[PDB]
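All of this is worked out from the model, or read from it or from the source named; nothing here is a laboratory result. For neighbour counting, all protein chains shown are included, and Cβ atoms are generated from backbone atoms with ideal geometry for every residue, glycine included.
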Amino acid sequence: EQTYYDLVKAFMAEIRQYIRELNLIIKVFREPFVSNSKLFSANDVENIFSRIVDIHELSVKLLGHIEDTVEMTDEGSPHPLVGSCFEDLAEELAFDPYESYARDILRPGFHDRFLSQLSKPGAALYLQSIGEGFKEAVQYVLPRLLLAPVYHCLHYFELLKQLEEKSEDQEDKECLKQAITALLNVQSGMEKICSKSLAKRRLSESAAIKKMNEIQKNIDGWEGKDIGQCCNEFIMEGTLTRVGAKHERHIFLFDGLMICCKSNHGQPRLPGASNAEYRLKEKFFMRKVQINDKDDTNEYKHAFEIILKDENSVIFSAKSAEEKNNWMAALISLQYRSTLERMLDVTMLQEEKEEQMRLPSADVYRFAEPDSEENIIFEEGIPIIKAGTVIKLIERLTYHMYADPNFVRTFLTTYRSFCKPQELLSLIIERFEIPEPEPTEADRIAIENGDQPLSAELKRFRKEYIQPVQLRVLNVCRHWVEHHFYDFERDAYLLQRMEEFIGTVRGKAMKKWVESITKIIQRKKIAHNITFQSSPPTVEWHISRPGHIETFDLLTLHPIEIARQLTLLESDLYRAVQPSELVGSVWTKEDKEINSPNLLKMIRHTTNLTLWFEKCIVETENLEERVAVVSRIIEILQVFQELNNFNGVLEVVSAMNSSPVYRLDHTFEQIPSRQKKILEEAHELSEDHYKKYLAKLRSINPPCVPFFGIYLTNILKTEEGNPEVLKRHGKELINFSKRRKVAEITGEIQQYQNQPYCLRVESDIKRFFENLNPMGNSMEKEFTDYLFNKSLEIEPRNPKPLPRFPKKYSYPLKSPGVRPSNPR
């Protein structure tokens, strides 16, 4: 039920918790042993913590690669391909440390030797001096934590198998199969170690509130509030003997409650009485100290003391030392589960507090300048850029601190207005070429003595600055070639430079991505009919028959076919509008006819159709016939709505709301109620700044013809309501946010363009509608006035009486309706 991607997401969360556990172990528990060289030799430490450090390094490396992979995964892949992340490591036998670790930690005599190390001269006192809770945490909790690497690595074997089975990429599947194979030795090795009885018991030892309620329901004589009203998890369930009590109590341990019960299993009960297996004896709230107790001739051995607030202490005894260990692990663990986090946290800061940047010199690397309101303006939770110089925009496009795949698309989609392709390539290659820092004083001292430098700072710089910046540069290249290949198609040299750049990249830490991009580029070089799911519906005819174009008119053509043919027509006009006709608000300038021809053809068609509807109505003087005309137009509207042709819907609405038509009260009075509602709902789409229309366009399912008018108004306002550059300290920064906004709109338009209509074109009807010319050779003002005067003639203003007019149509006015027929 889980996809490859779910497993990867789950795994990332798991390894992050795990890494935190490794840190706790290393910085909090192990560091104090390492620090006391006099008490513990290298081996003593080694014998307790084994190769924990190598495992931590391997883990941070694994997570890091997986993280980059995910972020660099474009929409072109079914899921991030992590097979290689694992294969690269398994091939270098990087998981071997786990077998050695498991061997050291699961050896039969581990714990005994561990205790001897804690009980030798001065050890216990030294551990106590570290701080409150350390000695207890070390003795009873650390041995459990030390098993974490074993559980973690064992899950790897299962994880890889599931990924292999679920992979949706053949190359990814192959890598996984290979990783699995390369890990067989480590796995059988650990398998032998973990199956031995003692180890098996140890692992088992440290391995939906439905349980909480199920447990309370089996306990008689409950006191206080419910378990769920103070507990969040169930920890342990065992048996213990209360020093002083008569019967061994069964105990349920929750993070918030240690419940002590008496078992009445199988004992007789009176009818109507509780049948619960247990009886509550002690209900202890977990928020107080826990002390360890030495054996006493008092028959109590394997005991510990619990201390409650203002209450009297209680002492318990377990069946064995193993049982006592499990309880102290959970009880102490449950006590300092915070303090130890503290111990860590406090150090986590200091560790991250001594690190001083040291970016490349601004004289050798242009992307090093400081950030200031002179080259980039952030927006008043990653930073959001308001404005900046091209240099700063590119630095942020490939920043080392955080991620923002949203930035890459925005930039690649809009950069051409403020930066040329050739120049963009030069800048990212320049960004990619980061000079490494000179050896520090400590490095020079080592080199000077003939030995190998630790190069601590150099390694940190490669890991936290160079790698993420170079990977991000490569990410831009991949997306650029993948989804904006036209830049390369139009400039041969641009492509040659990219291919040469990618081919010059050396190092194994990039080979995976270099090889990938090279292949993607070659696939783009190697390689307008329409295919449909179903078949288009049959063309419908009414009074006018096929081939008799001379009889075509509003009432003689079938209303269904009028809506369909106009939708095909309007769809093609919409689909032909290019972004170049919108950017810079060119449709509003003097050269609009030259720069926005397809946009204007679309708008002019809409206007012409609206006027034709108005003309058809007011030129039909007879009231009854005019009613039939209005009614037919509303039915055409109904079909437009079914076809998601919003432009068509609005042409009808604009017509019904024009001055000449809006005032014909006698006409609309005779329109059936169902149709008045249809018209009213359509009109409501435009109200309150098209609120309902916008919602409808977002909830419908293509193919459709949005109304382009809305887009035009938003582009125009965005263009003149935002400055082209933003001033800062005096420099001139390109306002890229203004461009991201225009591109967001052109992007919405494009998301709706690709989806074809599954309808058959009818040549003659299409021709009829392409040649509609309601205005004739008359000017706008004259025609507009003509329509309004016609309106006054057919329905005079009050108190003038309504006159009568003769019929003009010689054919039946009954509509064939808008429900399609199914014969062919």
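Tell me yes or no: at least one residue of segment 682-693 is under 31 Å from the mean Cα position of the chain (by Cα) and not in a helix (DSSP H, G or I). Checked against the condition, which is being under 31 Å from the mean Cα position of the chain (by Cα) and not in a helix (DSSP H, G or I), segment 682-693 yields no hits at all. Scanning segment 742-757 for residues that are surrounded by fewer than 18 Cβ atoms within 10 Å (Cβ to Cβ) and part of a loop (DSSP other than H, G, I, E, B) yields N754, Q755, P756. Take the conditions (1) more than 23 Å from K211 (Cα to Cα); (2) under 52 Å from the mean Cα position of the chain (by Cα); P271 misses just one of them, which is (2). Restricted to segment 78-126, and to residues there that are closer than 26 Å to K38 by Cα and either under 33 Å from the mean Cα position of the chain (by Cα) or aliphatic (A, V, I, L, M) (or both), the residue that is surrounded by the most Cβ atoms within 10 Å (Cβ to Cβ) is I105.
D296 falls short on exactly one of the conditions (1) farther than 27 Å from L142 by Cα; (2) assigned to a loop (DSSP other than H, G, I, E, B); (3) not small (G, A, S), and that condition is (1).
Among the residues of segment 646-681, the ones that are part of a helix (DSSP H, G or I), over 25 Å from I603 (Cα atoms) and β-branched (V, I, T) come to 1 in all. Just one of the numbered conditions (1) at negative phi; (2) in the same structural domain as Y18 (by CATH); (3) surrounded by fewer than 19 Cβ atoms within 10 Å (Cβ to Cβ); (4) of a type outside the set (V, I, T) is not true of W222: (2).
When restricted to residues that are closer than 17 Å to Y662 by Cα and not aromatic (F, W, Y), segment 779-824 contains 14.
What do you reckon, is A199 closer than 30 Å to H56 by Cβ and out of contact with any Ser or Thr (no Cβ under 6 Å at 6 or more places or on another chain)? The answer is yes for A199.
The residue list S417, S361, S372 contains one member that is of a type in the set (G, A, S), surrounded by 13 or more Cβ atoms within 10 Å (Cβ to Cβ) and over 25 Å from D68 (Cβ atoms), which is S417.
Here the condition is being outside any helix (DSSP H, G or I), touching a helix residue (DSSP H, G or I) at 6+ places or on another chain (Cβ under 9 Å) and not aromatic (F, W, Y); of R739, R760, it holds for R760 alone. Would you please name the residue that is farthest from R564 (Cα to Cα), looking only at residues in segment 692-736 that are of a type in the set (V, I, T) and out of contact with any helix residue (DSSP H, G or I) (no Cβ under 7 Å at 6 or more places or on another chain)? It comes out as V725.
Here the helices (runs of 4 or more DSSP H) wholly within segment 345-439 that include at least 1 residues being of a type in the set (G, A, S) and over 29 Å from the mean Cα position of the chain (by Cα) are 421-432. When segment 786-801 is filtered for residues that are part of a helix (DSSP H, G or I) and acidic (D, E), only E793 remains. State whether the residues of segment 767-785 include one that is touching a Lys or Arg at 6+ places or on another chain (Cβ under 6 Å), in a loop (DSSP other than H, G, I, E, B) and assigned by CATH to the domain that holds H548. Looking for residues that are touching a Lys or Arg at 6+ places or on another chain (Cβ under 6 Å), in a loop (DSSP other than H, G, I, E, B) and assigned by CATH to the domain that holds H548, one finds at least one in segment 767-785, hence yes.
Within segment 179-211, being over 30 Å from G228 (Cα atoms), under 35 Å from the mean Cα position of the chain (by Cα) and not aliphatic (A, V, I, L, M) holds for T181, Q187.
Within segment 89-100, residues that are assigned by CATH to the domain that holds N185 reach partners that are among the hydroxyl-bearing types (S, T, Y) with beta carbons closer than 9 Å, at six or more positions or on different chains, in the pairs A90/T181; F95/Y156; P97/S50; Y98/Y156; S100/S50. When residues in segment 332-344 are screened for being part of a helix (DSSP H, G or I) and either loosely packed, with under 13 Cβ neighbours inside 10 Å or over 31 Å from the mean Cα position of the chain (by Cα) (or both), 6 of them pass.
Give the residue, chosen from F411, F407, that is touching a strand residue (DSSP E or B) at 6+ places or on another chain (Cβ under 9 Å) and hydrophobic (A, V, I, L, M, F, W, C). Going through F411, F407 in turn, just one is touching a strand residue (DSSP E or B) at 6+ places or on another chain (Cβ under 9 Å) and hydrophobic (A, V, I, L, M, F, W, C): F407.
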